[PDB]
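What follows is a short report on a single structure.
FYI the Cβ positions are ideal-geometry reconstructions off the backbone, even for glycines, and counts take in every protein chain you see. What is reported rests on the model, the rules as stated and the sources as named; no laboratory read-out is quoted.
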Amino acid sequence: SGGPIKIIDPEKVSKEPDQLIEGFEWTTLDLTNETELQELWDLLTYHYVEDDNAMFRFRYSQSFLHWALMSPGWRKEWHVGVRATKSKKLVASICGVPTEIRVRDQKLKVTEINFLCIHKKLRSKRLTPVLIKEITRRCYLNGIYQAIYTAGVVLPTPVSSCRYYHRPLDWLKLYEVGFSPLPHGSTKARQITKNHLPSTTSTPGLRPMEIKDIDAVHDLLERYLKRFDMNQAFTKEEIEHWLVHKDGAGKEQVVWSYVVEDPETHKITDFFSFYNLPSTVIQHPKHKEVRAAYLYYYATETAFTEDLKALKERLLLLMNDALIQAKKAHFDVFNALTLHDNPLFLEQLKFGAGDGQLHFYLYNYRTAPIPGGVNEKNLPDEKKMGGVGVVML
């Protein structure tokens with residue numbers, strides 16, 4: 001089951017950060033300041049993807065960054081930066097939001113770390129342990145003794161590893177920008193036919209999530225997520241932040257959520273959500289961006305009957321509707337990982353395997369490795385689920 005690596009006494013934790021390497025200094029980011037938001041945005045756009053031939057890169061936005069970093073309980077002090085002393089330019093960042101997860105039946109207050117970014121010029125200084133140590137020192141002073149973070153590379157011991165999958169929605173666009181390949185002997189018509197979607201949804205009672213649904217989604221999601229070895233815990237205030245889009249001036253929609261109201265009993269029996277994070281096409285004559293949806297949290301009452309056949313059929317129904325709703329909202333591609341129960345539907349719904357991997361890390365906590373939905377060949381396998389029930393951004 002595991003437990004903490006060290007029990008920490010918050011009165012013995014240093015109140016001042018560690019001295020940095022020669023010419024650099026700590027900073028606290030004020031992301032309500034658009035100039036500082038711009039600094040982080042610029043650092044992330046050019047330095048957050050670890051590989052240097054990436055001819056794609058994520059396009060962040062004020063709405064996305066506010067959604068990711070300003071969740072209930074957020075503090076400026078957990079938006080940490082490093083600046084070069086001479087120029088004051090921002091050269092590294094690590095941001096955390098406080099929440100709770102469960103790890104093999106044990107509930108833990110954590111900081112979920114979501115933009116650990118190091119400028120290309122400082123990768124040789126190996127600052128990752130140094131940033132993690134500093135944000136967690138700040139969390140230790142507030143009674144949070146564990147963290148969870150991710151990476152696209154293997155570092156000393158992921159707790160789990162998941163594979164990225166991609167479902168084209170506008171295959172032709174994806175082909176034109178070099179995102180999707182044309183398989184040998186195939187044709188545009190063949191691939192367009194392959195990825196065709198109905199124009200209407202099939203799940204009876206399906207429709208968009210609303211404020212009144214918060215209590216019911218909270219209960220259902222919590223019951224579903226508790227089934228996984230490592231899973232996110234939600235308060236009702238977190239459900240509303242993370243899942244309910246709020247329309248407002250200067251505000252762009254980041255998350256889409258739908259529920260299924262059973263036509264007879266009128267209870268919420270299913271729900272799913274997805275978020276927008278576009279990828280910039282580094283130069284192309286016709287297309288600037290890939291509008292990408294990422295599958296987020298979902299849940300279904302069918303899970304609790306414990307027969308895999310019925311759960312597969314229900315997820316095939318629900319997630320094909322998720323694809324239809326994304327296509328209706330003009331997304332080009334629908335991305336998902338092998339976590340949750342996703343291997344039950346990825347291949348059938350024509351998600352193609354990606355070369356990306358997401359690796360999960362726990363800080364100050366020891367537990368047995370957790371299955372990530374894939375077998376030893378890195379292929380989805382229903383015997384390797386039940387492990388990862390946290391979606392990190």
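Only residues that are closer than 22 Å to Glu11 by Cα and crowded, with 18+ Cβ neighbours inside 10 Å were counted in region 100-133, giving 6.
Suppose we keep only residues that are in contact with a helix residue (DSSP H, G or I) (Cβ under 6 Å, 6 or more places away or on another chain) and not in a loop (DSSP other than H, G, I, E, B) within region 375-393. Which one would you say is nearest to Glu313 (Cα to Cα)? Only one residue fits best here, namely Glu382.
Residues being within 20 Å of the chain's Cα centre (by Cα), surrounded by 14 or more Cβ atoms within 10 Å (Cβ to Cβ), within 22 Å of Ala151 (Cβ to Cβ) and not assigned by CATH to the domain that holds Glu240 are entirely absent from region 18-39.
Do you know which residues across region 328-347 are of a type in the set (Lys, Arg) and crowded, with 21+ Cβ neighbours inside 10 Å? None - no residue of region 328-347 is of a type in the set (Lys, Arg) and crowded, with 21+ Cβ neighbours inside 10 Å, so the list stays empty. No other residue among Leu318, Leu349 is in contact with a strand residue (DSSP E or B) (Cβ under 7 Å, 6 or more places away or on another chain), at negative phi and part of a loop (DSSP other than H, G, I, E, B) apart from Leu349.
Taken as a whole, the condition of being touching a residue at least 60 places away in the same chain (Cβ under 8 Å), within 28 Å of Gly354 (Cβ to Cβ), assigned by CATH to the domain that holds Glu347 and not aromatic (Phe, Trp, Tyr) does not apply to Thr187. Of all residues in region 159-198, those being in contact with an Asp or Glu (Cβ under 8 Å, 6 or more places away or on another chain), under 18 Å from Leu349 (Cα atoms) and in a helix (DSSP H, G or I) number 1. Specify the residue that is nearest to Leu277 (Cα to Cα); the eligible residues are those in region 123-140 that are in contact with a helix residue (DSSP H, G or I) (Cβ under 9 Å, 6 or more places away or on another chain) and among the hydrophobic types (A, V, I, L, M, F, W, C). Filtering region 123-140 for residues that are in contact with a helix residue (DSSP H, G or I) (Cβ under 9 Å, 6 or more places away or on another chain) and among the hydrophobic types (A, V, I, L, M, F, W, C), the one nearest to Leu277 (Cα to Cα) comes out as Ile135.
One residue stands out among those in region 348-361 that are buried (at least 18 other Cβ atoms within 10 Å of the Cβ) and under 17 Å from the mean Cα position of the chain (by Cα): the one that is farthest from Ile148 (Cα to Cα), which is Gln357. Would it be correct to say that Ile7 is in the same structural domain as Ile113 (by CATH) and in a loop (DSSP other than H, G, I, E, B)? It is true that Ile7 is in the same structural domain as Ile113 (by CATH) and in a loop (DSSP other than H, G, I, E, B). Of everything in region 145-201 that is exposed (fewer than 15 other Cβ atoms within 10 Å of the Cβ), within 27 Å of the chain's Cα centre (by Cα) and of a type in the set (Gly, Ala, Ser), the residue that is nearest to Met385 (Cα to Cα) is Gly152.
When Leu379, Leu393, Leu362, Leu339 are checked against the criterion of being within 30 Å of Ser1 (Cα to Cα) and in contact with a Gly (Cβ under 7 Å, 6 or more places away or on another chain), a single residue qualifies: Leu339. The set of residues from region 323-357 being of a type in the set (A, V, I, L, M, F, W, C) and over 22 Å from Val154 (Cα atoms) comprises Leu323, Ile324, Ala326, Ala329, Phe331, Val333, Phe334, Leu344, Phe345, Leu346, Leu349, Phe351.
Reported count of residues in region 208-224, each being under 14 Å from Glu301 (Cβ atoms) and surrounded by fewer than 21 Cβ atoms within 10 Å (Cβ to Cβ), is 4. Screening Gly81 on (1) farther than 30 Å from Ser1 by Cβ; (2) surrounded by fewer than 18 Cβ atoms within 10 Å (Cβ to Cβ) shows it passes everything except condition (2). Scoring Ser71 on the criteria (1) more than 19 Å from the chain's Cα centre (by Cα); (2) surrounded by 13 or more Cβ atoms within 10 Å (Cβ to Cβ); (3) polar (S, T, N, Q) leaves a single failure, condition (1).
I'm checking my understanding of the structure. Among residues of region 6-17 that are surrounded by 11 or more Cβ atoms within 10 Å (Cβ to Cβ) and not β-branched (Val, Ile, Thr), which one is farthest from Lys86 (Cα to Cα)? Here the answer is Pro10. Scanning region 25-75 for residues being closer than 20 Å to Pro98 by Cβ and either hydrophobic (A, V, I, L, M, F, W, C) or part of a loop (DSSP other than H, G, I, E, B) (or both) gives a total of 17.
Scanning region 221-239 for residues being in a loop (DSSP other than H, G, I, E, B) and hydrophobic (A, V, I, L, M, F, W, C) gives a total of 2.
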